[PDB]
Amino acid sequence: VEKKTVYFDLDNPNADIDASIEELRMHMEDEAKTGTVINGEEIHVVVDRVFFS
Amino acid sequence: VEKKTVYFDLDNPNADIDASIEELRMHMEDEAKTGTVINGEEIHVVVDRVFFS
Amino acid sequence: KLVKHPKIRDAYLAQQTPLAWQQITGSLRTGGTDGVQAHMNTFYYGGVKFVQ
Amino acid sequence: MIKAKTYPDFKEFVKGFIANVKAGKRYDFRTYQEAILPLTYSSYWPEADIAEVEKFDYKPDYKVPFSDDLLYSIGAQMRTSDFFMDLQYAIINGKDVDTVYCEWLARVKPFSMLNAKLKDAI
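Chains as they are written, first to last, in the numbering used here: chain Z, 1 to 53; chain E, 1001 to 1053; chain R, 2001 to 2052; chain W, 3001 to 3122.
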């Protein structure tokens, strides 16, 4: 299986953060082929100092 | 008697709508010719779809 | 496209209401279950209620 | 590209903007106005970086300028980004700017009562 990376363009004033977050939710809700309803909001996100700033 | 028309020019960003509304109120208040105090804000206004939009 | 439009953005940014706050900084996923996800995106505007 | 916080005042920011526009540069930020304009006319301008644009396929439907010597009728209200688009369009058409009326204006976004005084270039 192939890994996925989500690119937050935090250096661009016209970046679309909402699109990236929606992509993150959709990957979780789709690629988890458990055969049951999945809630994508229940995810952990560990972030680095520079990214947080 | 002669009929009156009021132009709003809603297509022009520089229009003065309040001026036209005051003109309508003043006409209603002044052309009654009944010798009594009159409130010009008690009037109906039926509007076409394009005008409303 | 609808959510990103300036006309909706400015109005809901200016409005001070729990609905305005939720739809701008909150999560739009508040619908029912379509069988693959627990909630579906929902947006309120002008009385109509859109769904994805 | 106009770097963030490059001017201490809107009065100098407008001068810089006009000077850049007279050099053939074009700008368009209608879609993300919220993230460029600072809070007031006395803060540091602009809030964030503004990038040039390749094309200027824009033309107001309403008449611009309102008259020969005035961009908008006194007291007109317009969206802030639209003011910069319209002033840029007017300058492209040979007009030149004398001063920008912003002394007593209070609010910057999303709507503002900005205006300009025009003349003929040489």
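For each residue, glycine too, the CB sits at the ideal point set by N, CA and C.
* To do: State the Cα-Cα distance for the pair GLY2046/R and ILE2024/R, rounded to the nearest angstrom.
  => In a straight line, the C-alpha of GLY2046/R is about 16 Å away from that of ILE2024/R.
* Asked: Sorted by chain position, which residues of the same chain lie with C-beta nearer than 8 Å to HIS2039/R's C-beta, five sequence neighbours on each side aside?
  -> In its chain, beyond the 5 residues on either side, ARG2029, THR2030, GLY2031, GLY2032, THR2033 have a beta carbon closer than 8 Å to the beta carbon of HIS2039/R.
* Determine, using beta carbons only, whether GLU3012/W comes closer than 8 Å to chain R. => No, its Cβ sits nowhere closer than 8 Å to a Cβ of chain R.
* To do: Report the residues of the segment 3106–3117 of chain W with a CB closer than 8 Å to any CB of chain R, ordered along the chain.
  => Correct list: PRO3110.
* Endpoints, the alpha helix (DSSP H) within which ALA3019/W is located -> Residue range 3010–3021 is occupied by the alpha helix (DSSP H) that includes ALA3019/W.
* Determine the extent of the alpha helix (DSSP H) in which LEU1024/E is found, giving its start and end residues. => Here the alpha helix (DSSP H) through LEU1024/E covers 1017–1030.
* Asked: Mind listing which residues of the segment 6–19 of chain Z have their C-beta closer than 7 Å to chain R's C-betas, in chain order?
  -> Closer than 7 Å at the C-beta level to chain R, one finds no residue of the segment 6–19 of chain Z.
* Asked: Taking buried to mean at least 16 other C-beta atoms within 10 Å of its own C-beta, is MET3085/W buried or exposed?
  -> Buried: at least 16 other Cβ atoms inside 10 Å.
* So the beta strand (DSSP E) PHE52/Z belongs to, where does it begin and stop? -> Segment 49–52 is the alpha helix (DSSP H) holding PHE52/Z; no beta strand (DSSP E) there.
* Contacts that residue 3123/W makes with chain E (C-beta to C-beta distance below 8 Å) -> Since the first residue shown for chain W is 3001 and the last is 3122, residue 3123/W is missing from the structure and cannot be characterised.
* So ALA3076/W packs on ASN1014/E, CB below 8 Å; how close in whole Å? -> In this structure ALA3076/W touches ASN1014/E by the C-beta definition: roughly 5 Å separates them, less than 8 Å.
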